[PDB]
Visitor: 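Take a look at this one; I'll ask things after.
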Amino acid sequence: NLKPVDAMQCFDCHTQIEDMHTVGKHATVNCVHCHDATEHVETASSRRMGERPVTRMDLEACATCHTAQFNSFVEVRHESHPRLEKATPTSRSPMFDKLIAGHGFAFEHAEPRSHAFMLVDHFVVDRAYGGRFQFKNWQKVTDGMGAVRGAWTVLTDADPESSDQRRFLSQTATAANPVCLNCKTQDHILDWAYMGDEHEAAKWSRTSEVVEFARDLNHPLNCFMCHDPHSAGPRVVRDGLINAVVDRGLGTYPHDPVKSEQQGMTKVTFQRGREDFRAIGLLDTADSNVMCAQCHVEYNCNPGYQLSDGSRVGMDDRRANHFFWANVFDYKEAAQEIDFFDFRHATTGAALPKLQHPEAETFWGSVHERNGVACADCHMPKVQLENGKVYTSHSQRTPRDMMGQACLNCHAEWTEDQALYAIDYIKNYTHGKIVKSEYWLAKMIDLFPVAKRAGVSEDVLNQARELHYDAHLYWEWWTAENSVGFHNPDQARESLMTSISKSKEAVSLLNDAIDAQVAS
Amino acid sequence: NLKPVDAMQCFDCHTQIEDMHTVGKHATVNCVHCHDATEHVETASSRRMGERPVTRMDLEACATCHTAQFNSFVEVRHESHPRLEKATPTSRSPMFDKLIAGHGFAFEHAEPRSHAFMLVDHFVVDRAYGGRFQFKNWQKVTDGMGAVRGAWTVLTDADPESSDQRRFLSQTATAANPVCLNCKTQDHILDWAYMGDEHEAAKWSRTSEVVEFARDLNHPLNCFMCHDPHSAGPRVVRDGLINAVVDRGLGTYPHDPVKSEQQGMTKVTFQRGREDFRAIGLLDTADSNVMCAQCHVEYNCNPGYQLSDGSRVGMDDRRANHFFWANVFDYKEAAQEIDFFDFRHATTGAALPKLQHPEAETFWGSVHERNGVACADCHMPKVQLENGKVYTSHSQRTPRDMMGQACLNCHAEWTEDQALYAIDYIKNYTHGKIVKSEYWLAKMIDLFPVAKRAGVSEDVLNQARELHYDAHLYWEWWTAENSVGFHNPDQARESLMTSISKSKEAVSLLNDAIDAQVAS
Amino acid sequence: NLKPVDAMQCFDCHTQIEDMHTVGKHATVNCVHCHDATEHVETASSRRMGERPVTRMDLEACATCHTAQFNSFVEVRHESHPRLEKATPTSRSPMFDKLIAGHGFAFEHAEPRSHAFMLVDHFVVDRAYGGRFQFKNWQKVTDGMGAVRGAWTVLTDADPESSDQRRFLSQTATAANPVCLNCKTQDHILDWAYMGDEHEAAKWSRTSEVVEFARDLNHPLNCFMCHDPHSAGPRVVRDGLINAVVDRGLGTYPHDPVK
Ligand code: HEC
Ligand code: HEC
Ligand code: HEC
Ligand code: HEC
Ligand code: HEC
Ligand code: HEC
Ligand code: HEC
Ligand code: HEC
Ligand code: HEC
Ligand code: HEC
Ligand code: HEC
Ligand code: HEC
Ligand code: HEC
Ligand code: HEC
Ligand SMILES: [Ca+2]
Ligand SMILES: [Ca+2]
């Protein structure tokens with residue numbers, strides 16, 4: 001049984017915590033729920049930590065008083081098909097392997113499944129750790145609660161004796177690095193300096209051995225990623241997001257200065273040895289658009305190359321942890337502003353960006369976003385109970401599972417079937433354009449070896465490579481983005497038509513150049 | 001409240017209407033239900049119209065006394081997936097973009113959905129009006145009743161100030177022309193001369209500005225397309241069909257002179273200034289095979305080219321509005337008889353036909369057609385009511401939704417699951433052959449650039465182009481035709497095997513010619 | 001196929017119908033839909049009917065243009081349990097027999113079922129006609145559409161040769177009388193004087209032989225009970241109601257003079 005500690009004693013040294021804790025809705029929640037600080041209190045001074053207190057980061061620390069939210073979070077949506085590869089004819093990107101050739105995603109890229117699995121899925125995907133980590137057996141893939149209890153309760157490491165990234169199976173990659181983990185867990189929140197920069201007080205950083213870092217991490221999507229444990233108020237903890245919104249002053253809604261001001265973020269910095277160490281972003285309001293944008297964004301979390309000179313940009317560089325915080329039509333400019341690209345296409349040699357799940361940036365400017373709707377309205381609605389205390393569902397899943405609460409409450413003119421039909425109209429239309437964009441990209445890509453072998457000049461190949469960048473960007477955004485156009489159908493339409501235009505331009509350029517070589 | 005007019009006064013000048021109206025089941029239906037003729041009657045002479053009476057073409061004009069039929073017609077089948085592109089791996093024609101390259105359908109070709117949407121879908125498809133028309137917002141896509149009330153109640157025009165066909169978005173085409181509208185609406189039935197020929201009394205014709213014509217049209221599938229408003233008797237109004245069956249004497253069942261005689265059509269012509277202007281085809285019987293053949297047929301409704309000399313055949317030519325009225329094995333001959341093809345393939349340069357939904361011509365000679373079954377038996381059956389006045393369902397949709405009334409009433413030996421399994425056997429088999437036909441067509445198409453670049457002779461390329469015509473015809477008929485072989489499975493099988501044979505012949509020809517060039 | 005008649009000619013004598021028909025939403029609906037008046041027009045004067053025109057009272061006369069309303073009306077609710085006696089422990093009035101002893105309802109009083117059956121149920125109930133009328137067989141009890149087509153298409157009379165109310169089975173009663181029928185049909189609307197008073201022009205009245213009257217009646221709940229066929233406007237036709245509301249001045253809402 002827990003025994004309370006005297007928080008006044010802590011507050012003597014922890015003024016920032018005092019100011020948060022005493023004012024919020026956790027003012028009566030004793031520190032012992034999450035911290036074991038006995039030896040810390042015996043040894044600390046006002047500027048030196050002394051013995052490190054233990055801080056609980058398990059979600060059960062919150063589930064004791066918030067079982068409803070915890071249970072809704074950990075529910076596994078069995079209809080979210082697991083380990084479903086996107087590069088197949090029946091999934092999101094039928095020609096993905098040809099289009100992404102040269103990139104680590106060619107090894108495996110599955111559709112997302114329920115949040116409980118995020119950390120385990122990150123660890124076991126074929127592109128991440130060379131196949132080092134596996135579930136203990138193939139039955140464990142169902143065990144959401146187990147994954148939440150801790151990744152290492154359900155996973156095995158092929159070689160606990162080594163800590164290097166290497167292939168354990170031939171068709172795997174070792175793309176994982178420490179930045180990835182920031183969107184899977186915040187178990188490292190006290191051990192990682194802001195942005196993963198080198199820091200005396202940080203156990204882990206962008207340049208750490210990711211296998212060793214992995215072994216230290218257990219829990220997915222900690223509840224405190226969106227809720228300050230001290231004030232219980234809304235926040236974000238993701239460094240990349242704070243950096244974009246606050247440090248770079250882009251604001252929470254870069255396209256709406258007024259909304260950015262009303263629904264803003266306040267950066268709170270915590271120090272170690274009186275030197276800035278870590279930060280959180282306190283939100284003005286409980287704005288799930290910004291909470292979900294901690295992870296559902298396009299980002300860099302990887303080494304890459306400079307657009308200017310093609311030189312390597314390694315994990316040690318700040319750019320290896322970066323939120324572009326730019327919609328699809330501002331993205332090329334945002335990548336130019338940091339002088340960065342992700343990979344060279346294996347066939348065309350083009351410098352290309354790699355886009356990932358840009359839901360937050362896609363949502364900006366959509367009809368729903370403009371009308372003050374937020375992710376949670378459709379994906380974590382309040383529960384409707386005939387007789388019950390209302391709480392917010394933490395199931396984070398498609399509104400198809402709860403259309404009454406997620407759509408039909410606003411769309412009184414529709415039945416569930418009508419609303420589903422509206423969704424399907426958009427997704428079907430968008431998917432048709434994605435498929436057409438891929439057809440044209442693939443047609444362009446296939447001409448590169450023919451052009452090279454026909455003696456087409458490097459100048460013409462480079463012209464086509466520049467078009468490839470744009471054709472790729474304006475296509476890939478939409479296979480990366482999870483709503484298949486729903487979050488912003490007009491933007492998807494304009495973008496995908498732009499992709500096709502670019503590819504058609506490249507096809508015509510290469511075809512003409514090949515024919516001119518043949519004629520000469 | 002409507003006030004009746006004295007029809008005897010009209011009949012003094014309108015003898016044809018008198019002869020139809022006084023004899024049929026609308027003999028007691030007063031003209032005021034559909035015509036406002038007060039100023040007309042004040043100003044007309046026996047040969048000069050004077051002020052033009054207003055004629056209601058809205059479906060509500062009939063819904064007042066026939067609500068059951070109207071309601072069954074306007075029902076939206078939400079299971080008929082909307083805006084679902086056919087050129088995707090999960091739809092009807094996975095390799096459609098490669099195979100149709102050079103044709104406007106490459107811009108967008110979706111599966112059909114419920115009839116209520118036909119006119120709006122025609123207006124908004126990407127291949128039709130350059131993206132000029134859109135639904136007012138993405139919610140309106142569900143609104144069948146709204147579309148029926150009028151296209152312009154649910155659509156917007158990007159530029160009401162101009163009337164030219166142009167692209168408003170890059171990846172669109174402007175394939176629409178006035179002939180298309182004849183299979184979407186007959187709001188223009190009093191404003192369009194037979195076949196769309198130029199006529200002093202016709203506001204619109206094949207050569208009209210289609211954007212201006214579009215703006216004048218509102219209602220889909222008017223009830224009077226199949227039912228004469230004066231006699232209430234069965235008819236067709238579609239000029240192309242009347243022209244094939246009656247003018248060209250092909251008959252309602254070209255393969256069965258006896259059935260053509262028993263279930264025939266009588267052309268009734270109406271004049272303006274004592275000159276033939278428009279026509280209808282009165283049917284001997286209420287034969288839905290011929291009613292549905294007003295639209296569910298292969299047709300020309302577009303400019304094209306002559307097979308003989310390759311010269312352009314424009315909208316001004318009669319051939320731009322043409323029902324081939326020929327099954328797949330008679331089609332090449334029917335296209336030769338008018339010296340016509342649709343497009344040149346973008347890759348192979350072959351002159352090719354473009355086939356569209358030839359359900360009527362495919363149905364001929366099938367077991368069901370031979371046994372006197374008609375479209376309505378499977379797609380608009382009589383309602384079965386424990387206690388009720390029976391009426392004919394106007395829902396026009398797959399029999400899967402009403403298997404009791406559409407199949408099982410004739411097929412007493414089967415359960416619903418057995419009947420569905422029989423359908424699926426045919427569709428699965430046919431689809432497998434469609435996919436194989438496409439594989440071979442694509443393999444042939446891919447050899448054309450290789451052959452051209454290897455120096456293969458024009459004589460050999462032209463030989464392969466002639467094979468392409470046939471390979472394409474005997475494949476495309478079946479992606480165009482909506483039943484995936486069900487309407488005539490033996491014919492689909494023979495045709496698709498013919499396609500593959502033709503493609504294989506072309507592949508062998510080109511491969512050999514390429515190898516001979518390489519060896520020399 | 002119906003052939004329209006000259007309604008203006010009718011109106012030369014039928015001013016009341018003119019004032020209703022020409023103004024309402026049936027102004028375009030020709031008389032031939034509901035009346036066969038050819039011989040009537042040949043023989044009538046404004047003061048002498050001549051040949052009595054035939055008036056259709058069948059609901060099909062309306063169903064032709066109003067199929068949706070007709071079909072919703074005729075649907076049988078199979079969940080409305082049929083012939084369910086109220087005087088049982090599981091129904092509405094477990095002690096009904098004791099309490100109602102001395103009244104004809106003691107012989108049978110079932111729960112209501114769908115409107116399509118009202119006239120046939122009236123005819124076959126044990127308390128009404130001594131058991132004289134039965135469904136043609138026990139299968140016909142399902143046939144709502146049949147009952148609507150006409151009671152005598154689905155019922156049999158045990159003795160077509162007599163017209164007296166008598167028992168045909170021991171535990172029946174003969175409570176039916178002509179007034180009952182006013183809440184089952186209005187096929188007699190042109191043959192019954194207001195309230196069922198004796199009248200030279202009334203074939204039927206309160207004192208008629210109910211068995212003879214019964215045989216003349218076919219259709220349940222005629223559509224025109226609530227809708228005037230001439231104006232299409234809302235109405236009632238039930239004499240007892242008009243008498244209460246108008247003649248006795250009680251009004252449509254006796255507890256609310258404004259309403
Ligand atoms: C019991 C000892 C608790 C533990 C452990 C945690 N929380 Fe809590 N929380 C608690 C109470 C009594 C309340 C106030 C309830 C009220 O509405 O009066 C809360 C409140 C929250 C809220 C809402 C805050 C707001 O400003 O609206 C959140 C988001 C919340 N708590 C989250 C949370 C998390 C993430 C925890 C684990 C770190 C957690 N709580 C622990 C009681 C208790
Ligand atoms: C980083 C810590 C994340 C935050 C914050 C949010 N999401 Fe997320 N989401 C994340 C991952 C890594 C995954 C895939 C997990 C896996 O194992 O595959 C997801 C998944 C979703 C899904 C799909 C769920 C399913 O049933 O398939 C949805 C609908 C989703 N995420 C929505 C969402 C919303 C609305 C958020 C703010 C409340 C949110 N997520 C936060 C990573 C993270
Ligand atoms: C936050 C900005 C993220 C970083 C950095 C990484 N991931 Fe992620 N991941 C994120 C979200 C919001 C989702 C769900 C949405 C989606 O489109 O997938 C994911 C999902 C995964 C998955 C499951 C799906 C799949 O791709 O197979 C895996 C295996 C995964 N993520 C691994 C991964 C690795 C190896 C990373 C560093 C290279 C990485 N993620 C970074 C959010 C973020
Ligand atoms: C961001 C991705 C979230 C994570 C991780 C968690 N929660 Fe949450 N929570 C979130 C939102 C957007 C809201 C609603 C805010 C609003 O006012 O609209 C909530 C709400 C809570 C509450 C308040 C009571 C309620 O509304 O249900 C509690 C107690 C709460 N959440 C607890 C909770 C716990 C225990 C979590 C880990 C399992 C957890 N939250 C994760 C967003 C996010
Ligand atoms: C309602 C107006 C929505 C808002 C606001 C947000 N999203 Fe959404 N999302 C919506 C729909 C209708 C769909 C398609 C779901 C389907 O079943 O067809 C989506 C999809 C997602 C997904 C993929 C979910 C899955 O396929 O299982 C993710 C990860 C997702 N959305 C996340 C997301 C975030 C982070 C949002 C705020 C920025 C957001 N969505 C807004 C409906 C709505
Ligand atoms: C009421 C004033 C009507 C209007 C307006 C329309 N129709 Fe009609 N129709 C009406 C009647 C009374 C009948 C006869 C019913 C019977 O079976 O006796 C009809 C009949 C039809 C039929 C059946 C004809 C046949 O020969 O079997 C059709 C196909 C029909 N009506 C169609 C129709 C259409 C398309 C209308 C709008 C142009 C329309 N009707 C108007 C009454 C009325
Ligand atoms: C031209 C005026 C048509 C006539 C006459 C018929 N049909 Fe039709 N049909 C037509 C179009 C333009 C469409 C597609 C509409 C759209 O917006 O996409 C259709 C569609 C059908 C379908 C598919 C319906 C669905 O649920 O997807 C069926 C089954 C169908 N048509 C059958 C059919 C029959 C049996 C007809 C004679 C009674 C008939 N149609 C007439 C155009 C026209
Ligand atoms: C009658 C002989 C037709 C002419 C002329 C045109 N269309 Fe049509 N259309 C017709 C039918 C029977 C159907 C449904 C069956 C099917 O296979 O689609 C259609 C359907 C459409 C659709 C919806 C499906 C799609 O292709 O995306 C559209 C957008 C459409 N039709 C447009 C169109 C245009 C632009 C035309 C002139 C070039 C045209 N149609 C002519 C029948 C007939
Ligand atoms: C051809 C594509 C049709 C269109 C457009 C409309 N109807 Fe129709 N109708 C059609 C058929 C094949 C039939 C049955 C013929 C047969 O005897 O088997 C019908 C029937 C009618 C009837 C008769 C009563 C009945 O059988 O239900 C009516 C009153 C009728 N149809 C009305 C109607 C209206 C109001 C329409 C526009 C909404 C309409 N029809 C369109 C074929 C076609
Ligand atoms: C029963 C013997 C049929 C007759 C006669 C006609 N069709 Fe048909 N059709 C039939 C089946 C079993 C199917 C496949 C439906 C499925 O769900 O698998 C079809 C398909 C159509 C379609 C496409 C419908 C859709 O996919 O939603 C159309 C447009 C169609 N059929 C039209 C049509 C016409 C015009 C006919 C007379 C010439 C006709 N069909 C005859 C069954 C039967
Ligand atoms: C069915 C739709 C009808 C049409 C059209 C017309 N009439 Fe009618 N009429 C109808 C019924 C069912 C009855 C019985 C009485 C009732 O109120 O329901 C009648 C009655 C008459 C009478 C008798 C009135 C009386 O004195 O008791 C007359 C003189 C009469 N109806 C004339 C008439 C004329 C001239 C019509 C065409 C303009 C006509 N009716 C239409 C049903 C219907
Ligand atoms: C077709 C020849 C009809 C016959 C026979 C009957 N009715 Fe009718 N009715 C008809 C029309 C064209 C209209 C007007 C439709 C509109 O809204 O414009 C009507 C109207 C009615 C109404 C509504 C009247 C109102 O709102 O004021 C009712 C209640 C009605 N009709 C009833 C009715 C009955 C009971 C009939 C049998 C005696 C009947 N109608 C015959 C067309 C036709
Ligand atoms: C006299 C002509 C009636 C008028 C006018 C209405 N109702 Fe009636 N109703 C009547 C009878 C004789 C019966 C029983 C029929 C039988 O065969 O048993 C009924 C029955 C009902 C019921 C029960 C239906 C069921 O499913 O069991 C209801 C709910 C009902 N009646 C309601 C009702 C309403 C709302 C009316 C005005 C629109 C109405 N009735 C008129 C006799 C008559
Ligand atoms: C209108 C004021 C009515 C008169 C006069 C009669 N009945 Fe009736 N009946 C009426 C209604 C509204 C209902 C349904 C509601 C209910 O409580 O039953 C009925 C029902 C019947 C039934 C079926 C139920 C039953 O009692 O078995 C029968 C057999 C029946 N009515 C017969 C009947 C007889 C014999 C009448 C004259 C003595 C009689 N009804 C008068 C409305 C009215
Ligand atoms: Ca990226
Ligand atoms: Ca064609």
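Counting starts at 1 for both ligands and their atoms, in listed order. Below, chains carry the letters A, B, ... as their sequence lines are ordered, and counting in each starts from 1.
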Visitor: Among all the protein's heavy atoms, is there at least one whose distance to atom 22 (C) of ligand 10 comes out below 4.0 Å?
Guide: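 Under the 4.0 Å cut-off, atom 22 (C) of ligand 10 does have protein heavy-atom neighbours.
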
Visitor: Closest non-hydrogen protein atom to atom 24 (C) of ligand 1, residue and atom name please, with distance?
Guide: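 Among all protein heavy atoms, the one nearest atom 24 (C) of ligand 1 is A:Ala232 O, 3.3 Å.
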
Visitor: So with a 6.0 Å cut-off around CZ of B:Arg493, is the heavy-atom count from everything else above 12?
Guide: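 Atom CZ in B:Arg493 is not crowded, with 12 or fewer foreign heavy atoms closer than 6.0 Å.
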
Visitor: Among all protein non-hydrogen atoms, which one is nearest to atom 4 (C) of ligand 4, and what is the separation to 0.1 Å?
Guide: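 Atom 4 (C) of ligand 4 sits closest to the protein heavy atom A:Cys226 SG, 3.3 Å.
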
Visitor: Heavy atom under 4.0 Å from ligand 4: found in A:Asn222's side chain, backbone, both, or neither?
Guide: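 Looking at A:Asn222 and ligand 4, just backbone atoms fall under 4.0 Å.
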
Visitor: What's the spacing between A:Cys183 SG and A:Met118 CE if we round to 0.5 Å?
Guide: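 If we round to the nearest 0.5 Å, A:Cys183:SG and A:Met118:CE are 9.0 Å apart.
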
Visitor: Checking contacts here: is it the side chain or the backbone of A:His227 that comes within 4.0 Å of ligand 4, counting heavy atoms only? Could be both or neither.
Guide: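 Only the side chain of A:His227 comes within reach of ligand 4.
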
Visitor: Would you mind running through ligand 1 and noting each atom that sits below 4.0 Å from a heavy atom of A:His66?
Guide: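 Those atoms are 6 (C), 7 (N), 8 (Fe), 9 (N), 10 (C), 19 (C), 20 (C), 21 (C), 30 (C), 31 (N), 32 (C), 33 (C), 39 (C), 40 (N), 41 (C), 42 (C), 43 (C).
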
Visitor: Should the proximity of A:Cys34 to ligand 1, defined as any heavy atom under 4.0 Å, be assigned to the side chain, the backbone, both, or neither?
Guide: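 Contact part for A:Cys34 vs ligand 1: neither.
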
Visitor: Could you work out, for atom 40 (N) of ligand 10, the closest of B:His487, B:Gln294, B:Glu359 by heavy-atom distance?
Guide: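 The residue whose heavy atom sits nearest atom 40 (N) of ligand 10 is B:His487.
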
Visitor: Decide, yes or no, whether a salt bridge links A:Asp143 with A:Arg149 under the criterion of side-chain N to carboxylate O below 4.0 Å.
Guide: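 Salt bridge between A:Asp143 and A:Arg149, a charged N being under 4.0 Å from a carboxylate O: no.
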
Visitor: State whether the shortest distance between N or O atoms of B:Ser80 and N or O atoms of ligand 10 falls below 3.5 angstrom.
Guide: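 It does not: no N or O of B:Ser80 is found under 3.5 Å from an N or O of ligand 10.
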
Visitor: Could you tell me whether some N/O pair between A:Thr392 and ligand 4 is separated by less than 3.5 angstrom?
Guide: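 For ligand 4, there is an N or O atom that lies under 3.5 Å from one belonging to A:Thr392.
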
Visitor: Within 2.8 Å of atom 8 (Fe) of ligand 10, is there any N, O or S atom belonging to B:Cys375?
Guide: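 No N, O or S atom of B:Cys375 is closer than 2.8 Å to atom 8 (Fe) of ligand 10, so no.
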
Visitor: Got a second to check how far B:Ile423's CD1 is from B:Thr398's OG1, nearest 0.5 Å?
Guide: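 The CD1 atom of B:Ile423 sits 6.5 Å away from the OG1 atom of B:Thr398.
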
Visitor: Look at the rings of A:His379 and A:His487 and say which category their plane angle falls in: under 30° parallel, 30 to 60° tilted, over 60° perpendicular.
Guide: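 Correct class here is perpendicular.
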
Visitor: Got more than 12 heavy atoms from elsewhere within 6.0 Å of CZ, A:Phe270?
Guide: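 Count over threshold, so yes.
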
Visitor: Strictly by modelled atom types, are A:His35 and A:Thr55 linked by a side-chain donor-acceptor pair under 3.5 Å?
Guide: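 A pair is found: one side chain offers a donor N or O, the other an acceptor, under 3.5 Å apart.
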
Visitor: Is there a nitrogen or oxygen of B:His368 sitting under 3.5 Å from a nitrogen or oxygen of ligand 10?
Guide: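 No, since none of the N or O atoms of B:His368 sits under 3.5 Å from an N or O of ligand 10.
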
Visitor: Nearest protein heavy atom to atom 6 (C) of ligand 1: under 4.0 Å?
Guide: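 Answer yes: something from the protein, a heavy atom, is under 4.0 Å.
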
Visitor: Report whether any nitrogen, oxygen or sulfur of A:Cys62 sits less than 2.8 Å from atom 8 (Fe) of ligand 1 (N, O or S, backbone or side chain).
Guide: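 So A:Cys62 does not bind atom 8 (Fe) of ligand 1 by this criterion.
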
Visitor: At what distance is the nearest protein heavy atom to atom 2 (C) of ligand 1, and which residue and atom is it?
Guide: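 The answer is A:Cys65 SG, 2.7 Å.
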
Visitor: Which residue and non-hydrogen atom of the protein lie closest to atom 34 (C) of ligand 4, and at what distance in Å?
Guide: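 I find the closest protein heavy atom is A:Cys223 SG, 3.4 Å.
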
Visitor: With a heavy-atom distance limit of 4.0 Å, tell me whether A:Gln69 approaches ligand 1 through its side chain, its backbone, both, or neither.
Guide: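 The answer is neither.
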
Visitor: Residue-level breakdown please: for A:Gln396 versus ligand 4, do any non-hydrogen atoms fall below 4.0 Å on the side chain, on the backbone, on both, or on neither?
Guide: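 Under 4.0 Å from ligand 4, A:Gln396 contributes no heavy atoms.
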
Visitor: Is it true that A:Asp287 lies under 4.0 Å from ligand 4, counting heavy atoms only?
Guide: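 No heavy atom of A:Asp287 comes that close to ligand 4.
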
Visitor: I'd like the atom name of the N/O/S atom in A:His394 lying closest to atom 8 (Fe) of ligand 4.
Guide: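 Closest N, O or S atom of A:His394 to atom 8 (Fe) of ligand 4: NE2.
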
Visitor: Can you say whether the rings of B:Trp325 and B:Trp364 are parallel (under 30°), tilted (30 to 60°) or perpendicular (over 60°)?
Guide: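 The arrangement is perpendicular - the two ring planes meet at more than 60°.
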
Visitor: Before giving the answer on side chain to side chain donor-acceptor pair (under 3.5 Å), spell out for A:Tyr425 and B:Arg113 the whole-Å C-alpha distance, their side-chain angles and the decisive distance to 0.1 Å.
Guide: CA-CA 11 Å; A:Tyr425 192 107; B:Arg113 63 166 172 162; 4.6 Å; no

Visitor: Has B:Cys378 got an N, O or S atom lying less than 2.8 Å from atom 8 (Fe) of ligand 10?
Guide: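 No.
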
Visitor: For atom 29 (C) of ligand 10, tell me which residue out of B:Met403, B:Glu111, B:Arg77, B:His296 has the closest non-hydrogen atom.
Guide: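 Nearest heavy atom to atom 29 (C) of ligand 10 lies in B:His296.
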
Visitor: Test your reading of the structure: does B:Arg400 have an N or O sitting under 3.5 Å from an N or O of ligand 10?
Guide: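 Yes, since at least one N or O of B:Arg400 sits under 3.5 Å from an N or O of ligand 10.
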
